[PDB]
Amino acid sequence: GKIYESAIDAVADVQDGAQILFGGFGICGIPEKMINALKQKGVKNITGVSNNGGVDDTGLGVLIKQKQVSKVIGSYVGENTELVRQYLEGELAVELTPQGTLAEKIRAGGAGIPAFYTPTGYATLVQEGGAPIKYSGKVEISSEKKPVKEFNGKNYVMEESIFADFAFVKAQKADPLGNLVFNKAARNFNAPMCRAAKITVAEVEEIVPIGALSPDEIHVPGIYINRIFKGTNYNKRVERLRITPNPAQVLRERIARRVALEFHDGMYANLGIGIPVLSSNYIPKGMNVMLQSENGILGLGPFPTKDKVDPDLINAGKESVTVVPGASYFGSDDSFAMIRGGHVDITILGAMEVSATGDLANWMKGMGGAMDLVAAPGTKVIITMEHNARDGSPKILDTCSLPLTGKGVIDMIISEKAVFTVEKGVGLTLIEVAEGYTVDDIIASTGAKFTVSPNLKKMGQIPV
Amino acid sequence: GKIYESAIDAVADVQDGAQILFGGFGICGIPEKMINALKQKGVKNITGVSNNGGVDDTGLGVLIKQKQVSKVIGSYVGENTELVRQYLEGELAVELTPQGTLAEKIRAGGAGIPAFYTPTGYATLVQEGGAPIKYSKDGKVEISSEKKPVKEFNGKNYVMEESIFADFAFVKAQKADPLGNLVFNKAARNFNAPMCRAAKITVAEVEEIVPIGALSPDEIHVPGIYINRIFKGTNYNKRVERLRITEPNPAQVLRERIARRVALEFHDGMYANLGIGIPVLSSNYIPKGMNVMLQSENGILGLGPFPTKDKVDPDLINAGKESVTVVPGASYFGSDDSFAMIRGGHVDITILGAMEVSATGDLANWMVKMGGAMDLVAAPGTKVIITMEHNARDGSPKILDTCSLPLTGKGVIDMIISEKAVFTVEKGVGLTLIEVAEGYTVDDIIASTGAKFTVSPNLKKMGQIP
């Protein structure tokens, strides 16, 4: 470690063309003060490794606004329109990477592991290449094909590590040796990022004396960190405020009241935003379901009351959230290990399209968590979606028209009309139908052929 | 996961032929009670993944003594002679793995990464294969290690290694809450950290069970999701294997000269790893108050001096298994994190002993594997200094043209410091004599020393720190 009274001194040796890691998930745990220091310095032609692009003119967005970034490696850049604007106009390269692969690429880079194998991305544009990175139409740079290799009968994509010139990272406290401690879900990518650069800069809200961070409570050992800055007027906001009639409601609730039935005591689940989250609200009183969030939380609770809103505590959809007793916080690399390693029992997500053989498409915006979640071994994948697209317009097809998130990946599809089970790679089976619908309406709103279960029934609904 | 008041209930579904991870470094942080439960259960034909074999009848040794283990994957198994006895007799398979590669294999397995590349082992038996894993009772090598694939990235060479993901993991910690969130105490973490994430079923034994909430969310070391079953043991036989105390000699005299020369290589702000023996000795001569943070591969940054008699803690030891202390600002972490730190290049300098050393920078120990050594010397942008006695009394050189022994690393060393001489190495090309101790001449150094070398036209007297 070493303490700097001035941020601009801290970035003084940052060269044009530098690869720079930036911590943060959304606007949570972002290195605000060092980003302004870099803005003030006017360094150009940065490859910014960041999970997101902040939003317009916040986080990494501050630097994109000033055209200081020539490429972005990340997983989801939707929320920054200026960034998309530059991508399309051909002013800016964008390499999208599944969020868990991004985390491991960084963790591996800092651990001196130049490449590794992951199941995430297999049979998708990630493995196949061809996705557009840079326009000048014309597509000037598109993604290279990746080597694949099979272990224990499953297929994996080879991925190369990331190790940057600088890492700009945010935390809660430092001691002058550089030992760091993070607060809540603001950890996210800062955890792995601070280990994967030649020079690491940590901004923090408090500097404590040597000793004050006990040895069994330190999250990042000081050896990983070169420079330390204490910022003091942090503009911490929540991006999607959430605090604790009607037919489209009641459809969403039916769907949720159906997935709720898939919960059992002791279960670990990941719920995507929208419908999957809604289903947490219907977990029977006594039953213990620990909900995992890919931004680095185990034990997600309901939205906070007005007085408990914390910008350092959000879910994967950037909503202010709480945690239940027994919650734990961890880094983005640890979060996706949990997942890629198969430790999460069940995953519930939305989709744009779904196929007869279990295919999922819902990133072509960006892919983020979805690819990793559905690629995970021994993990039940349930899709929750509106059966049709408004003009509906089937969403359940024979083959997807869109780029895949995963191939032969889904286990169960639950719409407001119907419940299917999937024999991955083979086909659908209608097993339940909501009251008031008939199998003829389902045949008519479904592009995919399917076999109707002998002994189908009415769609179940959890109590209360 | 869930509390068991009975250990035997906790291992009830462990069948014969199971692959089982066992936490612990040496006898520090071992799963003593579950190991006895397994002993009591009499499960057979275990592949035990453990860093060490404990010692005779402790830790994993309890199970080898009762012939319950048909294979051991680990990094260093000297210390358990029964275990070696069985290896030689052909009763037991042993796959040695560099300690850092073991840690990452396990971390990668639990993270669902089936394989990865590391520089550790390259150009050694680890990469080359051919090492005997299993003898038959006549034998006669029944199983020997496969050659490993190699691949180059950014101009450097790496060995491909496959992950480990086990049936069961038996792990030791300090506290649990009933959701399975865990907290470890000091250096007893070591392999328990990565192990508890890399098995279908994990069993954690702990010394205290606290209520849900008592382990705050930002202090938990292992989230409960990794852990299926929880047991509170209560009469732990925690020992230190090599007791060392500070209480307020002839070979030692040349050891101090050597140390007083390496001490000169320390600068304020530096991060170093010191092997046991001479390298450690050199810490004692660090100018106060130059700030040197010493890393220990068992999961510590901030190693201090041996504790006073009244401060000995079995949960706090160095890589050589000696009871130790830590300085203010120390941090503790898992064995996976420790070797990331190293393999990733984050340690500035490494100082080690050696049996032999070569002209081109090659290093040999053995006779996988002690440390620590392969990982340390394979690390990028890391200064490697060897500290050794220059020769054997009969004038047997230890600095050769080529090593006779199996290598720990190739073209790996930067500086060699004996009691007679200091060399710098241009890795892959040759030696350069740059200092000579008082009283010796270049002709002496030529005469001891098997290796050709170029004499620095600019050589001097060997320095010695105050």
# chains A, B, ... in the order shown; residues from 1 in each chain; ligands from 1

$ interface_residues --of "chain B" --to "chain A" --cutoff "8 Å" --atoms "only C-alpha atoms" --output "count of residues only"
45

$ select_by_dssp --residues "segment 52-248 of chain B" --states "helix (DSSP H, G or I)" --output "PyMOL selection string"
chain B and resi 61-65+81-88+99-110+125-128+186-188+192-195+224-226

$ residues_around --residues "segment 280-284 of chain A" --least-positions-apart "4" --cutoff "8 Å" --atoms "only C-alpha atoms" --output "PyMOL selection string"
chain A and resi 256-257+260+263+276+289+462-464

$ residues_around --residues "segment 305-309 of chain A" --least-positions-apart "2" --cutoff "12 Å" --atoms "only C-alpha atoms" --output "number ranges by chain"
A: 236-244, 301-303, 311-314, 319-323

$ residues_around --residues "segment 348-353 of chain A" --least-positions-apart "2" --cutoff "7 Å" --atoms "only C-alpha atoms" --output "PyMOL selection string"
chain A and resi 270-272+276+346+355+360-362+381-385+395-396+400

$ residues_around --residues "residue 168 of chain B" --least-positions-apart "6" --cutoff "6 Å" --atoms "only C-alpha atoms" --output "ChimeraX atom specification"
/B:20,199-202

$ write_last_selection --atoms "N, CA, C and O atoms" --output "PDB file, in the first residue's frame"
ATOM      1  N   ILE B  20     -12.089 -38.319  -1.331  1.00  0.00           N
ATOM      2  CA  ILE B  20     -12.362 -37.496  -0.203  1.00  0.00           C
ATOM      3  C   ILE B  20     -11.293 -36.466   0.030  1.00  0.00           C
ATOM      4  O   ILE B  20     -10.122 -36.784   0.114  1.00  0.00           O
ATOM      5  N   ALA B 199     -16.673 -30.508  -3.380  1.00  0.00           N
ATOM      6  CA  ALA B 199     -17.186 -31.828  -3.228  1.00  0.00           C
ATOM      7  C   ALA B 199     -18.668 -31.817  -3.299  1.00  0.00           C
ATOM      8  O   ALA B 199     -19.303 -30.816  -3.066  1.00  0.00           O
ATOM      9  N   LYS B 200     -19.229 -32.952  -3.689  1.00  0.00           N
ATOM     10  CA  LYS B 200     -20.689 -33.119  -3.786  1.00  0.00           C
ATOM     11  C   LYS B 200     -21.270 -32.883  -2.386  1.00  0.00           C
ATOM     12  O   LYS B 200     -22.284 -32.214  -2.225  1.00  0.00           O
ATOM     13  N   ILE B 201     -20.578 -33.396  -1.376  1.00  0.00           N
ATOM     14  CA  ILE B 201     -21.024 -33.233  -0.010  1.00  0.00           C
ATOM     15  C   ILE B 201     -19.906 -32.759   0.845  1.00  0.00           C
ATOM     16  O   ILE B 201     -18.841 -33.342   0.820  1.00  0.00           O
ATOM     17  N   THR B 202     -20.151 -31.729   1.641  1.00  0.00           N
ATOM     18  CA  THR B 202     -19.108 -31.191   2.505  1.00  0.00           C
ATOM     19  C   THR B 202     -19.502 -31.304   3.970  1.00  0.00           C
ATOM     20  O   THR B 202     -20.625 -30.998   4.356  1.00  0.00           O
TER      21      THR B 202
END

$ closest_residue --among "B:282, B:404, B:441, B:97" --to "residue 375 of chain B" --atoms "only C-alpha atoms"
B:97

$ residues_around --residues "residue 411 of chain B" --least-positions-apart "6" --cutoff "10 Å" --atoms "only C-alpha atoms" --output "ChimeraX atom specification"
/B:123,357-363,377-378,425-430

$ write_last_selection --atoms "C-alpha atoms" --output "compact mmCIF listing (two decimals), in the first residue's frame"
# COMPACT_ATOMS: atom_id res chain seq x y z
CA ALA B 123 10.22 -28.81 -17.67
CA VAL B 357 21.99 -25.65 -8.79
CA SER B 358 23.11 -25.38 -12.47
CA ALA B 359 25.09 -22.92 -14.58
CA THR B 360 22.04 -21.93 -16.56
CA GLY B 361 19.83 -21.36 -13.49
CA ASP B 362 18.30 -24.79 -13.06
CA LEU B 363 17.25 -25.80 -9.50
CA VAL B 377 10.45 -20.48 -8.71
CA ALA B 378 7.95 -20.79 -11.61
CA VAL B 425 22.68 -15.98 -13.48
CA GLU B 426 21.67 -15.11 -16.98
CA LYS B 427 18.94 -17.72 -17.10
CA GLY B 428 19.49 -20.28 -19.79
CA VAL B 429 23.03 -19.02 -20.62
CA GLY B 430 25.50 -18.98 -17.62

$ atom_distance --atom1 "atom CA of residue 356 of chain A" --atom2 "atom CA of residue 428 of chain A"
5.4 Å

$ atom_distance --atom1 "atom CA of residue 229 of chain B" --atom2 "atom CA of residue 176 of chain B"
10.5 Å

$ atom_distance --atom1 "atom CA of residue 58 of chain B" --atom2 "atom CA of residue 27 of chain B"
7.5 Å

$ select_by_dssp --residues "segment 63-247 of chain A" --states "strand (DSSP E)" --output "VMD selection string"
chain A and resid 69 to 74 93 to 96 115 to 118 132 to 135 139 to 142 148 to 151 154 to 160 164 to 170 173 to 174 180 to 181 197 to 204 206 to 207 227 to 230
